[PDB]
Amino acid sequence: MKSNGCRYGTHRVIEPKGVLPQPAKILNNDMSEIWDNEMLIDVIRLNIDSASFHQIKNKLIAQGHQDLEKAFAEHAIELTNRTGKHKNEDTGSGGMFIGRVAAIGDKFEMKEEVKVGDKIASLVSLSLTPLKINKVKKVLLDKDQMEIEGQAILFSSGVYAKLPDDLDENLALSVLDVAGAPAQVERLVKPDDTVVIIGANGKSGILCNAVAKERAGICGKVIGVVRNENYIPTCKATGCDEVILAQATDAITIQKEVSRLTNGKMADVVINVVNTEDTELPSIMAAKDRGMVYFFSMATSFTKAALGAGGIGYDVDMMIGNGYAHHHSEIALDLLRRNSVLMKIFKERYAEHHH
C-alpha cells in the first residue's frame, strides 16, 4: 500500500490537478492497491441522489432507450469507468452507498470502530468517491438504488457509519441518505415558528415535517406543499397542520396560500426538499422578511436563488443544505424509533419485509 496519503485524497485526483476529489472531474478508479490511510469497501448497493437519479432517468428517456434498467446500468458503468466516480456531469450531485469493509489502511483515521468484514454506510457523496463498478445486478428505477458488485475508496476525511442491527440494510440505506435533513431542521426551527416544507411527501420531507412540528410545538404551524392530493394524509400524519396543493415551481400560488394560512405573516423557515429545478423563487416567496430559506435539494441553482431573491427585493437568509452534521445518523435513527408513523412509512416504502 502506497505510503504518503493525503487525508482528503488529493492523490487520487487526475484532473484538474490542483482541486480536491469532489470538484475534480476525473479521479483514479484503480483499486489494485490502496494508499496508506484509505479504506476499501466491497459495494453492496448504491443509493443515487434523488435529484441526480431523476435527471439521469429523464435523460435516458429523452435519449429513447428501451430498457431503462439496462440503459441505467450502462450509464453507471460507463461514467464510473471514464471519470472514476458516480458524479452526475450535469447536476454535480452524487449519492451514497452501503458495503462491507475490505481493507483498512495502516494509518486510516479510524473514527467509529470497524474491522474487516463489517457492513458500513458511506455517508459522503458519490460525487467524490473513487468507485469501480464490475457488474450491475439490479436497477430499482422507483427507489434510486442499484445493487452492484464493485469497490470504492473512503479517505480518512470521509464520514461513515456501521449499519444499525435493529433495521434492514435498505431501510438503513434510505434513512442515512437524508439523515442531514432532520438534523438541520432541529437547529433551525424555534417554538411558535411557521415552517413551510416544499416537497413534503418525499423521503427527507416526511422526516422534516415531523421534526418541524416537534420543534415548533403545539402553537407553531407546519405547512407542507405537494402537487398530488393523494399525499395529503401522509403529510398530516407526519406532522403538517396544513397542506398546500401546488406545483413547487408555482411561486404565486404558494405565496398566496401561505399568506392566507398565516394572515400575511408568511413562514419563519422554508425547507426545500424537492428534486427538480426552478423551485428557488417559490421557496423564497414563502418566507417572511428576514426569514430562513434552507435549500436541501441538489437541484437548487446558486444563481437562481441569489438572483431570484435580489431581483424581487427579498431580504431572507438562504442556506446551502449541508448533508453532514455531527451525530446526524444517531439523530435520524432516534427520530425513527420515537415516531412509529414515520418508521411504518419508511419500512413500507424502502424496506423489503414479509408481512
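A residue's number is simply how far along the shown sequence it sits, counting from 1.
- Look at the C-alpha B-factors of 200-208 and of 176-184. On average they run higher in 176-184.
- 69-77 and 270-278 differ in mean CA B-factor, and the higher of the two is recorded for 69-77.
- In this structure the maximum Cα B-factor among 96, 167, 252, 246 is found at 167.
- Highest C-alpha temperature factor among 307, 48, 26, 62, as the PDB entry reports it: 62.
- The PDB entry assigns residue 297 a C-alpha temperature factor belonging to the lowest third of its chain's modelled residues.
- For residue 319, the recorded CA B-factor ranks within the middle third of the chain. Only modelled residues enter the ranking.
- Annotation for residue 122: CA B-factor lies in the highest third of the chain's modelled residues.
- In the PDB entry, residue 288 places in the lowest third of its chain by CA B-factor.
- Per-chain ranking of the deposited C-alpha B factor places residue 92 in the middle third.
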